[PDB]
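**Student:** Sharing a structure here in C-alpha cells format.
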Amino acid sequence: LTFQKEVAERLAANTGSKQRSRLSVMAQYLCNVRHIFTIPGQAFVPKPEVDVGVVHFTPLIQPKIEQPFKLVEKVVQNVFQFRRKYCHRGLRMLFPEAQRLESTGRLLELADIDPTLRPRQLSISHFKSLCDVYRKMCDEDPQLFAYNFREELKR
Amino acid sequence: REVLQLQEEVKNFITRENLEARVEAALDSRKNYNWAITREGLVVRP
Amino acid sequence: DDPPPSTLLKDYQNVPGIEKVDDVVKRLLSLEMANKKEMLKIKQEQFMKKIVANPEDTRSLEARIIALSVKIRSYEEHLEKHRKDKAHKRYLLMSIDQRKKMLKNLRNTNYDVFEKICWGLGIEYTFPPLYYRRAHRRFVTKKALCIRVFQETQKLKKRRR
Amino acid sequence: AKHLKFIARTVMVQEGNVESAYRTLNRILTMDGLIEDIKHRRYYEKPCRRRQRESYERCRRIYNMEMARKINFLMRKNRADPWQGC
Amino acid sequence: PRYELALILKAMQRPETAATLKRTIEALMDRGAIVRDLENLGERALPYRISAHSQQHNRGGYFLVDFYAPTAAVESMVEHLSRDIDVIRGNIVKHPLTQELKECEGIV
Amino acid sequence: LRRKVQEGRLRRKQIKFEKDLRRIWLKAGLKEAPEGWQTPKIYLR
RNA sequence: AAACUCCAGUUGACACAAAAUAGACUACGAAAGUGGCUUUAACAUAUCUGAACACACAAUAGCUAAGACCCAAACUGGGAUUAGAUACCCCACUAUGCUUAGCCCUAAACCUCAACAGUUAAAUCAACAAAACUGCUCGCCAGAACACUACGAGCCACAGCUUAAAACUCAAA
Ligand SMILES: [K+]
Ligand SMILES: [Mg+2]
Ligand SMILES: [Mg+2]
Ligand SMILES: [Mg+2]
Ligand SMILES: [Mg+2]
Ligand SMILES: [Mg+2]
Ligand SMILES: [Mg+2]
Ligand SMILES: [Mg+2]
Ligand SMILES: [Mg+2]
C-alpha cells in the first residue's frame with residue numbers, strides 16, 4: 001500500500017524511532033512491515049506538498065500478542081495518549097478513578113514493567129505482558145473493558 | 001526649621017491619654033476631600 | 001551588626017538642639033521609623049569614619065569600595081529571603097565583580113589603604129584563577145588519581161630511603 | 001453584580017420616542033468602545049496579532065490626520081485664476 | 001514612614017463605632033505607631049456591595065488614620081484588620097503628603 | 001538500534017578511561033592501583 | 001444533526017483562573033520579558049573593550065514529583081457532510097496553559113544594525129534595506145553541496161543541546 005511518508009514511517013518505526021506511535025505497534029504485532037521506498041510529491045501530476053511511501057505487509061505466522069484486537073487497541077492507545085510522559089501515566093487511565101492507583105500498581109507489578117519506561121521505548125513483549133494482565137483483570141471484572149475516563153470526567 | 005515644625009506638631013498627636021477625647025471629637029466632626037475643576041483651571045470647592 | 005534603631009538619621013544628627021527634643025520627635029527622626037536606605041547610609045558613614053582618612057571625600061577609591069560593600073551587603077540580605085530573585089542575584093554578582101576590580105586597583109595603587117579597607121570591611125582578597133576551563137567528571141577523576149598516585153610514590157620512596 | 005442597577009448604560013425615553021432612546025444608547029455604547037469590545041471578545045485574539053492591529057490602527061490614524069492636514073493647508077490655494085492668460 | 005489608613009467600618013451606632021476606633025488605634029500603637037490624627041469622612045452608601053465576615057454591607061463609615069509606623073508594622077497591622085469583624089475594608093497607603101509635588105513647565 | 005551502538009560506545013569510552021588511568025600508575029611504578037582507588041563509572045547514569 | 005432537560009430566565013451567595021476603559025501613552029528591564037490594587041525589599045560600576053566552553057540568566061513548547069481546575073485546548077470519541085465528504089462546521093473531554101520545588105537551554109531569541117568614542121566635511125552613494133563615514137577593540141567569515149551532517153568531546157539532556165569535518169561530485173552557487 002501507499003501511505004503518506006510520515007504515516008509509512010510510523011507504521012515502520014522500530015522501538016526507539018521518533019515515528020514510534022500507536023500505528024507502529026498496532027501494525028507490527030500482527031505483520032512484518034517494510035517501508036521500501038518513498039516517492040516525492042513532485043511526481044504526482046497535481047503536485048501535493050507531501051511525499052508518499054510504499055509499505056509492504058506480510059502477516060506474521062505467530063502474532064506477538066495472543067489477545068483480542070480491541071483490547072490491544074485500547075491498551076496501546078492509552079499507553080500512547082501521553083507519548084512523552086512515563087508509561088504508567090497512560091496505563092492509569094484504563095481504570096476507574098477509585099481503583100486507579102491500586103490497579104495501575106497491580107498491573108505494573110504483575111506485568112513486570114518498569115514505571116519509568118516511556119511509551120516510545122516499549123517493545124511488543126512489554127505490550128504482550130500488559131495485555132495479558134489487563135485481560136485477566138477484565139475477566140475478573142466484567143465492566144472494566146467498557147470504561148472511558150472522559151465520560152467519567154463529564155459527570 | 002523642619003525639626004522645629006515637627007516639635008510644634010507633636011503637641012497635637014493622639015496619645016493613649018487623649019484617645020477617648022480625640023475619638024469622640026472625630027465622631028463629632030466631618031472633613032471633605034472633594035473638589036471640582038473647571039475648564040478654566042479653577043478649583044470649585046463644595 | 002546594624003545600627004541600633006534609636007540611632008538618628010544622618011540628615012538630623014547635626015541639627016542644633018536635637019538632644020533637647022521630645023522622645024516622640026527622637027523616634028520620628030530615628031532609624032526605627034525609616035526605610036532600610038537610611039540605615040544603609042548610616043552604615044556607610046560609620047565605615048567611612050572608621051576607615052578612610054578623609055570621611056568627606058566620596059570620590060576616592062576607598063569611599064566607592066565602602067559604598068559598594070554596603071550595597072553588596074544589602075543585596076545579600078535581600079537574597080537571603082528572596083531566593084528566586086534572579087535580577088538581584090545578577091546585581092549581587094556584578095557588584096562583587098566591580099568591587100573586586102576596585103580592590104585590584106587599590107592594591108596596585110595604595111597598599112596601606114588597601115589593607116585598611118580589607119581589615120575594616122572584612123574582605124579577603126583572592127587572586128583570579130589563571131585558566132578558565134570546565135572541570136568535567138573525567139578531568140576531576142584523573143586529577144584525583146594523579147594526586148593519589150603521587151602520594152603513594154612519595155610513601156614508597158620514603159620507605160626505600 | 002455588586003453595583004446598583006438602572007444607573008449604568010441606562011437611557012430614559014422622551015415622549016415615548018423609544019427609537020431615539022435606543023439609537024442614543026447604541027451611540028453611547030459605540031463611542032465608549034463597548035460594542036467593539038463585545039465584538040472582539042467573541043474569539044480570542046492572539047497577543048502578537050493584537051499588538052500588530054493596534055500598531056496598524058495607530059499609524060493609520062496618524063497618516064490619515066497628516067494627509068488631511070496637508071490637503072486642508074493646500075486647499076487655500078484652490079480658487080479662481082488671478083493671472084489668467086499669462 | 002508616614003502612612004494613611006483608609007478604614008470602611010460597619011454602619012453601627014456611635015458607641016460601637018467609638019469602641020472600634022479605639023481598638024484600631026490601640027492595635028496601631030501596640031505595633032509601634034505614633035498616630036497623628038483621626039479624621040471622619042462620614043457615613044455613606046458604599047460604591048458597591050461588600051461582603052465581609054459573612055455579612056453583606058451597602059453602607060459604611062469612612063475614616064482616615066494618619067500615623068507614623070516602622071516598615072515592619074504595616075504587614076502586621078494588615079493582618080489585624082483582616083480579623084476585626086467590624087471593619088468592612090481597611091487599606092494602608094503611603095501618606096499622599098509625603099509624595100513630592102514636582103513642578104511642571106507645561107506641555108512641550 | 002541507535003541506543004545499542006551508543007551504549008556500546010559508552011562502554012568503550014569507559015574502558016579507555018580506565019585503561020589510561022591504569023597506564024598512569026603502571027608508569028609511576030605502582031604494581032596495583034592506590035589503596036582504596038576504584039575507577040568510577042562516569043559515562044553511565 | 002447530535003448534546004443537555006439534576007434544562008433555561010430574574011435574583012442572591014460564590015476562584016490557586018486572567019487582569020475592560022486608561023493605552024491615540026511608548027515607559028521599566030542586560031535580554032527574555034513587563035500593562036488589576038496596597039505595602040516591604042529593590043533596579044552594579046566616577047575610563048572603554050573584554051569568553052560557544054568561566055560565572056549567572058534566558059519567550060513558547062516539553063519532562064519529574066505534589067496540588068488547583070472557570071475557561072481554552074494538541075490528541076481521543078460522537079454529530080453533519082461528497083461520491084474517496086470539511087483536516088476546516090457542531091458537541092463532549094484529555095496532556096497542556098495555573099501554583100510550589102527541580103530539570104530541559106531552543107526561537108523570524110530581529111532594529112535581521114557587535115560594544116565604546118567621534119564627524120557631517122567631503123566624491124553622498126554598486127542595488128535594496130535603515131543618510132555616509134572615521135578611530136579603537138572583541139567575535140566571526142574565505143565557492144556550492146555533502147552538512148543545523150558523521151566522528152571526537154562535553155552536558156540532570158540518552159533521539160536531545162553545543163562545537164563541528166573529510167571522501168566523491170560540479171562550474172557554478
Ligand atoms: K523582527
Ligand atoms: Mg565590560
Ligand atoms: Mg573564543
Ligand atoms: Mg527557557
Ligand atoms: Mg510549562
Ligand atoms: Mg485539564
Ligand atoms: Mg499550551
Ligand atoms: Mg561584544
Ligand atoms: Mg547533531
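The way I read the labels, and the way they are meant: chains A, B, ... in the order of the C-alpha cells, residue 1 as the first residue of every chain, and ligand 1 as the first ligand shown, with later ones counted on from there.
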From the DSSP assignment of the backbone, select every residue of chain F that is helix (DSSP H, G or I), and format the answer as a CSV table (one decimal) with C-alpha atoms, in the first residue's frame.
**Tutor:**
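part04.csv written:
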chain,number,residue,atom,x,y,z
F,2,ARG,CA,20.9,3.8,17.8
F,3,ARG,CA,20.6,3.0,21.6
F,4,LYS,CA,22.7,-0.2,21.4
F,5,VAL,CA,25.5,1.4,19.4
F,6,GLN,CA,25.6,4.4,21.7
F,7,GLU,CA,25.7,2.2,24.8
F,8,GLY,CA,28.5,0.1,23.3
F,9,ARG,CA,30.4,3.2,22.5
F,10,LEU,CA,29.9,4.5,26.1
F,11,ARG,CA,31.2,1.1,27.4
F,12,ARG,CA,34.3,1.5,25.1
F,13,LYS,CA,34.8,5.1,26.4
F,14,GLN,CA,34.7,3.9,30.0
F,15,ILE,CA,37.2,1.1,29.1
F,16,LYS,CA,39.5,3.7,27.5
F,17,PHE,CA,39.3,5.9,30.6
F,18,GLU,CA,40.1,3.0,32.9
F,19,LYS,CA,43.0,1.9,30.6
F,20,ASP,CA,44.6,5.4,30.6
F,21,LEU,CA,44.2,5.6,34.4
F,22,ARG,CA,45.9,2.2,34.7
F,23,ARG,CA,48.7,3.4,32.4
F,24,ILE,CA,49.3,6.3,34.8
F,25,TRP,CA,50.1,4.2,37.9
F,26,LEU,CA,51.8,1.5,36.0
F,27,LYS,CA,54.2,4.1,34.6
F,28,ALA,CA,54.5,5.5,38.1
**Student:** Around ligand 2, which protein and nucleic acid residues have at least one atom no more than 12 Å from it, if we count only C-alpha atoms (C1' of nucleotides) and all ligand atoms? List them as a count of residues only.
**Tutor:** 16
**Student:** Pull out every residue of chain G that has at least one atom within 9 Å of chain D, counting only C-alpha atoms (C1' of nucleotides), and report them as number ranges by chain.
**Tutor:** G: 20-21, 24
**Student:** Let me see if you get this right: every residue at most 10 Å from ligand 1, counting only C-alpha atoms (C1' of nucleotides) and all ligand atoms, written as a ChimeraX atom specification.
**Tutor:** /G:108,110-112
**Student:** Using only C-alpha atoms (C1' of nucleotides), I'd like every residue of chain C that has an atom within 10 Å of chain G; please write them out as a PyMOL selection string.
**Tutor:** chain C and resi 35-36+59-61+64+68+71-72+74-75+77-79+81-82+86-99+101-102+129+131-134+136-137
**Student:** Find the spatial neighbours of residue E:87, counting only C-alpha atoms (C1' of nucleotides), within a cut-off of 8 Å - ignore same-chain residues fewer than 3 positions away - and output them as a PyMOL selection string.
**Tutor:** chain E and resi 7-10+81+84+90
**Student:** Next, the residues of the selection above should be written as an mmCIF file, in the first residue's frame with N, CA, C and O atoms.
**Tutor:**
data_model
loop_
_atom_site.group_PDB
_atom_site.id
_atom_site.type_symbol
_atom_site.label_atom_id
_atom_site.label_comp_id
_atom_site.auth_asym_id
_atom_site.auth_seq_id
_atom_site.Cartn_x
_atom_site.Cartn_y
_atom_site.Cartn_z
ATOM 1 N N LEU E 7 -10.191 53.429 56.326
ATOM 2 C CA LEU E 7 -10.997 52.437 57.019
ATOM 3 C C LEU E 7 -12.453 52.618 56.613
ATOM 4 O O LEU E 7 -13.001 53.717 56.732
ATOM 5 N N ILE E 8 -13.069 51.546 56.128
ATOM 6 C CA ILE E 8 -14.504 51.492 55.885
ATOM 7 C C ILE E 8 -15.055 50.542 56.939
ATOM 8 O O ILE E 8 -14.868 49.322 56.852
ATOM 9 N N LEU E 9 -15.708 51.119 57.945
ATOM 10 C CA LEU E 9 -16.268 50.413 59.085
ATOM 11 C C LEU E 9 -17.745 50.118 58.858
ATOM 12 O O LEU E 9 -18.435 50.812 58.107
ATOM 13 N N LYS E 10 -18.231 49.098 59.561
ATOM 14 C CA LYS E 10 -19.645 48.758 59.521
ATOM 15 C C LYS E 10 -20.489 49.935 59.993
ATOM 16 O O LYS E 10 -20.080 50.719 60.853
ATOM 17 N N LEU E 81 -6.346 43.957 60.682
ATOM 18 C CA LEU E 81 -7.529 44.493 60.021
ATOM 19 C C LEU E 81 -8.303 43.391 59.311
ATOM 20 O O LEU E 81 -9.498 43.540 59.032
ATOM 21 N N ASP E 84 -10.532 41.790 62.461
ATOM 22 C CA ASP E 84 -11.591 42.598 63.053
ATOM 23 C C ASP E 84 -12.885 42.409 62.272
ATOM 24 O O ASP E 84 -12.890 42.473 61.040
ATOM 25 N N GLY E 90 -10.163 47.707 55.175
ATOM 26 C CA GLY E 90 -9.081 48.539 55.671
ATOM 27 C C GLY E 90 -7.867 48.469 54.769
ATOM 28 O O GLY E 90 -7.437 47.375 54.396
#
**Student:** Given a cut-off of 10 Å, which residues of chain C touch chain E, counting only C-alpha atoms, written out as a ChimeraX atom specification?
**Tutor:** /C:24,27-28,31-36
**Student:** Determine which residues of chain A sit within 8 Å of chain G, taking into account only C-alpha atoms (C1' of nucleotides), and present them as an NGL selection string.
**Tutor:** :A and (16-18 or 81-82 or 84-85 or 150-151 or 153-154)
**Student:** Find the residues around residue B:7 up to 8 Å (only C-alpha atoms (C1' of nucleotides) counted), leave out those fewer than 3 positions away in its own chain, and share them as JSON, numbers by chain.
**Tutor:** {"B": [3, 4, 10, 11], "C": [21, 22, 25]}
**Student:** How many Å lie between atom CA of residue C:119 and atom CA of residue C:39, rounded to one decimal?
**Tutor:**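 Separation of atom CA of residue C:119 and atom CA of residue C:39: 21.8 Å.
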**Student:** Which polymer residues have any atom within 10 Å of an atom of stretch 127-135 of chain G, counting only C-alpha atoms (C1' of nucleotides), with same-chain residues fewer than 2 positions away left out, as a list in words?
**Tutor:**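 Non-adjacent residues within range: residues 111, 113, 117, 118, 119, 120, 122, 124 and 125 of chain G.
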**Student:** I need the strand (DSSP E) residues of chain A per DSSP on the backbone, written as a ChimeraX atom specification.
**Tutor:** /A:2-4,31-39,52-59
**Student:** Write a file of the selected residues as a compact mmCIF listing (two decimals), in the first residue's frame, keeping C-alpha atoms.
**Tutor:**
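Saved the output as again-v1.txt:
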# COMPACT_ATOMS: atom_id res chain seq x y z
CA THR A 2 0.93 3.64 -0.39
CA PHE A 3 0.70 5.97 2.60
CA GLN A 4 1.96 9.44 3.35
CA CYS A 31 2.51 -8.08 10.41
CA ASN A 32 6.08 -7.88 9.21
CA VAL A 33 6.05 -4.30 7.93
CA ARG A 34 8.65 -2.94 5.49
CA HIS A 35 8.80 0.68 4.32
CA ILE A 36 10.53 0.11 0.99
CA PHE A 37 10.88 3.46 -0.78
CA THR A 38 9.45 6.97 -0.97
CA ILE A 39 8.01 8.92 -3.91
CA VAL A 52 4.46 9.19 -0.46
CA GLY A 53 5.89 5.98 0.99
CA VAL A 54 5.27 2.38 -0.09
CA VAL A 55 4.82 -0.14 2.73
CA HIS A 56 4.67 -3.93 2.40
CA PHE A 57 2.84 -6.07 4.97
CA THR A 58 3.33 -9.82 5.37
CA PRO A 59 1.08 -11.37 8.05
**Student:** List as a PyMOL selection string the protein and nucleic acid residues near residue A:121, meaning an atom at most 9 Å away when only C-alpha atoms (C1' of nucleotides) are counted, but skip any in the same chain fewer than 2 places from it.
**Tutor:** chain A and resi 15-17+20+117-119+123
**Student:** For the selection you just gave me, I'd like the residues written to a file as a short mmCIF file (atom, residue, chain, number, x, y, z; two decimals), in the first residue's frame, keeping N, CA and C atoms.
**Tutor:**
data_model
loop_
_atom_site.label_atom_id
_atom_site.label_comp_id
_atom_site.auth_asym_id
_atom_site.auth_seq_id
_atom_site.Cartn_x
_atom_site.Cartn_y
_atom_site.Cartn_z
N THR A 15 11.40 0.10 17.86
CA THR A 15 11.42 0.56 19.24
C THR A 15 12.54 1.57 19.42
N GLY A 16 12.17 2.85 19.52
CA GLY A 16 13.10 3.94 19.57
C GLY A 16 13.30 4.64 18.24
N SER A 17 12.26 4.69 17.40
CA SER A 17 12.24 5.60 16.27
C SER A 17 11.17 6.67 16.50
N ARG A 20 7.65 6.23 16.26
CA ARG A 20 7.02 5.17 17.04
C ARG A 20 5.79 5.73 17.75
N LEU A 117 9.58 3.64 32.11
CA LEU A 117 9.69 3.46 30.67
C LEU A 117 8.72 4.40 29.96
N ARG A 118 9.21 5.08 28.93
CA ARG A 118 8.34 5.96 28.16
C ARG A 118 7.61 5.16 27.08
N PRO A 119 6.48 5.66 26.57
CA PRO A 119 5.75 4.90 25.55
C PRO A 119 6.58 4.53 24.33
N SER A 123 8.73 -2.24 23.98
CA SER A 123 8.75 -3.26 22.95
C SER A 123 7.44 -4.03 22.95
#
**Student:** Specify as number ranges by chain all residues of chain B found within 8 Å of chain E, counting only C-alpha atoms.
**Tutor:** B: 10, 12-15, 19-20, 22-24, 26-27, 29-32
**Student:** Let me see the file: selected residues, N, CA and C atoms, as a PDB file, in the first residue's frame.
**Tutor:**
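Dumped everything to again_12.pdb:
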ATOM      1  N   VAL B  10       3.959  67.856  67.160  1.00  0.00           N
ATOM      2  CA  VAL B  10       3.812  66.689  68.030  1.00  0.00           C
ATOM      3  C   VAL B  10       2.823  66.959  69.158  1.00  0.00           C
ATOM      4  N   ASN B  12      -0.070  68.012  69.125  1.00  0.00           N
ATOM      5  CA  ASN B  12      -1.443  67.698  68.750  1.00  0.00           C
ATOM      6  C   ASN B  12      -1.641  66.230  68.389  1.00  0.00           C
ATOM      7  N   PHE B  13      -0.614  65.398  68.527  1.00  0.00           N
ATOM      8  CA  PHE B  13      -0.736  63.996  68.160  1.00  0.00           C
ATOM      9  C   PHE B  13      -1.642  63.265  69.146  1.00  0.00           C
ATOM     10  N   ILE B  14      -2.243  62.180  68.671  1.00  0.00           N
ATOM     11  CA  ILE B  14      -3.073  61.337  69.525  1.00  0.00           C
ATOM     12  C   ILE B  14      -2.165  60.470  70.385  1.00  0.00           C
ATOM     13  N   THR B  15      -2.506  60.350  71.663  1.00  0.00           N
ATOM     14  CA  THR B  15      -1.785  59.520  72.615  1.00  0.00           C
ATOM     15  C   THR B  15      -2.779  58.658  73.381  1.00  0.00           C
ATOM     16  N   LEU B  19      -7.048  59.454  73.952  1.00  0.00           N
ATOM     17  CA  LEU B  19      -7.662  58.653  72.897  1.00  0.00           C
ATOM     18  C   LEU B  19      -9.176  58.840  72.879  1.00  0.00           C
ATOM     19  N   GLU B  20      -9.813  58.791  74.053  1.00  0.00           N
ATOM     20  CA  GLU B  20     -11.265  58.959  74.117  1.00  0.00           C
ATOM     21  C   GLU B  20     -11.686  60.325  73.596  1.00  0.00           C
ATOM     22  N   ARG B  22     -10.192  62.500  71.621  1.00  0.00           N
ATOM     23  CA  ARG B  22      -9.971  62.699  70.195  1.00  0.00           C
ATOM     24  C   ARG B  22     -10.911  61.835  69.363  1.00  0.00           C
ATOM     25  N   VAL B  23     -11.194  60.612  69.817  1.00  0.00           N
ATOM     26  CA  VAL B  23     -12.118  59.749  69.085  1.00  0.00           C
ATOM     27  C   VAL B  23     -13.513  60.363  69.064  1.00  0.00           C
ATOM     28  N   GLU B  24     -13.982  60.844  70.218  1.00  0.00           N
ATOM     29  CA  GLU B  24     -15.307  61.456  70.271  1.00  0.00           C
ATOM     30  C   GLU B  24     -15.352  62.739  69.447  1.00  0.00           C
ATOM     31  N   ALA B  26     -13.567  63.394  66.783  1.00  0.00           N
ATOM     32  CA  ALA B  26     -13.631  62.973  65.389  1.00  0.00           C
ATOM     33  C   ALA B  26     -15.034  62.513  65.021  1.00  0.00           C
ATOM     34  N   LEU B  27     -15.677  61.748  65.907  1.00  0.00           N
ATOM     35  CA  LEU B  27     -17.046  61.316  65.643  1.00  0.00           C
ATOM     36  C   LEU B  27     -17.997  62.503  65.551  1.00  0.00           C
ATOM     37  N   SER B  29     -17.221  65.244  64.050  1.00  0.00           N
ATOM     38  CA  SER B  29     -16.598  66.057  63.015  1.00  0.00           C
ATOM     39  C   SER B  29     -16.740  65.386  61.657  1.00  0.00           C
ATOM     40  N   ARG B  30     -16.553  66.187  60.610  1.00  0.00           N
ATOM     41  CA  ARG B  30     -16.574  65.712  59.232  1.00  0.00           C
ATOM     42  C   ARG B  30     -15.611  66.550  58.406  1.00  0.00           C
ATOM     43  N   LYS B  31     -14.851  65.893  57.533  1.00  0.00           N
ATOM     44  CA  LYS B  31     -13.933  66.555  56.613  1.00  0.00           C
ATOM     45  C   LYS B  31     -14.269  66.140  55.188  1.00  0.00           C
ATOM     46  N   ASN B  32     -14.150  67.080  54.256  1.00  0.00           N
ATOM     47  CA  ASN B  32     -14.459  66.849  52.851  1.00  0.00           C
ATOM     48  C   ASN B  32     -13.192  67.012  52.021  1.00  0.00           C
TER      49      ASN B  32
END
**Student:** Would you mind listing what lies within 10 Å of residue C:104 as a count of residues only, with only C-alpha atoms (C1' of nucleotides) counted and same-chain residues fewer than 6 positions away left out?
**Tutor:** 5
**Student:** Wanna dump the chain C-chain F contacts at 7 Å for me, each residue with its shortest atom pair and the distance in Å to one decimal, counting only C-alpha atoms, ordered by chain and number, as CSV?
**Tutor:**
residue,atom,partner,partner_atom,distance
C:137,CA,F:42,CA,6.5
C:142,CA,F:21,CA,6.8
C:148,CA,F:34,CA,6.5
C:149,CA,F:34,CA,6.1
C:152,CA,F:34,CA,6.6
**Student:** Write a file of the selected residues as a short mmCIF file (atom, residue, chain, number, x, y, z; two decimals), in the first residue's frame, keeping N, CA and C atoms.
**Tutor:**
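Saved file part.cif follows:
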data_model
loop_
_atom_site.label_atom_id
_atom_site.label_comp_id
_atom_site.auth_asym_id
_atom_site.auth_seq_id
_atom_site.Cartn_x
_atom_site.Cartn_y
_atom_site.Cartn_z
N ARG C 137 33.84 15.59 34.63
CA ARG C 137 33.98 14.43 35.51
C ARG C 137 35.28 13.68 35.25
N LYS C 142 40.65 11.98 36.94
CA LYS C 142 42.05 11.75 36.59
C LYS C 142 42.98 12.56 37.49
N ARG C 148 46.63 10.95 44.18
CA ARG C 148 46.77 9.74 44.99
C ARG C 148 48.03 8.97 44.62
N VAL C 149 48.31 8.86 43.32
CA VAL C 149 49.49 8.12 42.87
C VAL C 149 50.76 8.83 43.29
N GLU C 152 51.27 8.00 46.94
CA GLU C 152 51.77 6.64 47.08
C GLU C 152 53.24 6.55 46.69
#
**Student:** Taking only C-alpha atoms (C1' of nucleotides) and all ligand atoms into account, which residues have an atom no farther than 9 Å from ligand 7? I'd like them as a VMD selection string.
**Tutor:** chain G and resid 60 to 61 73 to 74 96 to 97
**Student:** Within 9 Å of ligand 9, which residues show up when you count only C-alpha atoms (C1' of nucleotides) and all ligand atoms? List them as a PyMOL selection string, please.
**Tutor:** chain G and resi 148-149+160-161
**Student:** Include C-alpha atoms (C1' of nucleotides) and write out the residues we just selected as a PDB file, in the first residue's frame.
**Tutor:**
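Just written: selection_27.pdb:
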ATOM      1  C1'   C G 148      21.617  22.884  11.782  1.00  0.00           C
ATOM      2  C1'   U G 149      25.565  16.130   8.938  1.00  0.00           C
ATOM      3  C1'   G G 160      18.142  15.857  22.881  1.00  0.00           C
ATOM      4  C1'   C G 161      21.657  20.692  23.134  1.00  0.00           C
TER       5        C G 161
END
**Student:** Dump the neighbourhood of ligand 4 as a ChimeraX atom specification: all residues within 8 Å, distances computed on only C-alpha atoms (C1' of nucleotides) and all ligand atoms.
**Tutor:** /G:58-59,104-106
